[PDB]
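*Asks:* Before I ask anything, here is the structure I am working with.
Bear in mind these aren't lab numbers, they're just calculated from the coordinates by the rules spelled out. No Cβ is skipped: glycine too gets one built from the backbone with ideal geometry, and neighbour counts run over all protein chains shown.
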Amino acid sequence: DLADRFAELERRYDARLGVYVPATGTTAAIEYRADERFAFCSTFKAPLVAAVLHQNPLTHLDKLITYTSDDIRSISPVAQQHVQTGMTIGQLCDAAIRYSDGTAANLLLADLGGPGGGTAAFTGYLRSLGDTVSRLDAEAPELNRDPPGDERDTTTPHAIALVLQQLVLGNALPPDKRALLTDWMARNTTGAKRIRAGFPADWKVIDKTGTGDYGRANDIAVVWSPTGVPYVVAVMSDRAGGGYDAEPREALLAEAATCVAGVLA
Ligand SMILES: *C(=O)[C@@H](NC(=O)[C@H](N)c1ccccc1)[C@@H]1N[C@@H](C(=O)O)C(C)(C)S1
């Protein structure tokens, strides 16, 4: 039984696990702790890129953004290198999704603009998609640090899956912008050991990960069967029992995804 398997994984990893797969043509929704809040961590970068794409003409991708030494405040594998040159909006989107670059995401939040360095506008974008649950309150590095249970900087597996479904499968974005987001997630470099590890190689997987303090490890994905039937998969986890420095455990997500894949096969 799925719920039993998910509970077994929680015990194995001393973790809290949340899973949501929306209902489809012939499958019921899969849900486990799906309405409990979990920190977004870097998963917010996927709808962030959607918001920036939606907000602007496509060629806003070519706008060069400049920044400085004091802007590097978080893991930023790509932006660390381009302080002098600056990065285009398209480069920032690419880095935010594919390398989970924190500076890139902070700069995208500032591009979106408005109160809270862009976090209010980000939240407003989610509200426009019918998500009355999620909230972003801080940028990097703070957004990954809220104590377990705190509602700041949280979503739920259910909420984020419905958002991702609209962005990738539905009509939240026009086809050209939708393809940009989809391709960046398809080319993600950080997800090999999470949802991807749970699905057979002949399933397509696109995803965006997040990792945070208190053992936080998330992954949100869209997967397509070998015959092109898509499913949205959100898996979220934390390990409050280990305190702030608890190690995130990717294997928990790989195992959860393997269980989901077994049901969807
Ligand atoms: C988003 O979740 C980001 N997380 C962090 O910057 C955390 N402070 C962190 C936790 C563990 C190791 C390094 C940083 C980025 N997204 C993560 C991910 O996509 O899983 C990351 C580890 C690639 S950094």
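*Asks:* Rg and Dmax of the chain, Cα atoms, in Å?
*Replies:* Spelled out, the Cα radius of gyration and Dmax of the chain are 17.3, 55 Å.
*Asks:* How far apart, in nm, are the 7 Å Cα→Cβ label points at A110 and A265?
*Replies:* Inter-label distance under the simple model: 4.8 nm.
*Asks:* Now, a different point. Take the Cα gyration tensor of segment 1-105, multiply each eigenvalue by 5, square-root it, and list the three semi-axes largest first, rounded to whole angstrom.
*Replies:* Its equivalent ellipsoid spans semi-axes of 37, 19, 9 Å.
*Asks:* Only Cα pairs within less than 10 Å get springs; with that Gaussian network setup on the chain, which residue of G241, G25, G215 has the largest fluctuation?
*Replies:* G25
*Asks:* Further question on the same structure: Treating only the Cβ atoms of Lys and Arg (+1) and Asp and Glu (-1) as charged, compute the dipole magnitude of the chain about its Cα centre; round to the nearest 20 debye.
*Replies:* Dipole magnitude for the chain comes out near 480 debye.
*Asks:* Sticking with this one: Debye calculation, C-alpha points only, no solvent: report log10 I(q)/I(0) for segment 100-192 at q = 0.17, 0.18 Å⁻¹, in the same order as the q values.
*Replies:* The Cα Debye sum returns log10 ratios of -0.88, -1.00.
*Asks:* Right, here's the next one. Roughly speaking, what is the stretch gain from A240 to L64, that is 0.36 nm per residue apart minus the C-alpha to C-alpha distance, in nm to one decimal?
*Replies:* Residue separation times 0.36 nm, minus the Cα-Cα distance, leaves 59.3 nm.
*Asks:* Under 13 Å from the Cβ of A15, count the other residues' Cβ atoms, weight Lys and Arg +1, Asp and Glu -1, and hand me the total.
*Replies:* For residues surrounding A15, the net value is -1.
*Asks:* Let me ask another. Between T258 and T26, how many nm apart are label points set 7 Å from Cα along the C-beta direction?
*Replies:* 2.6
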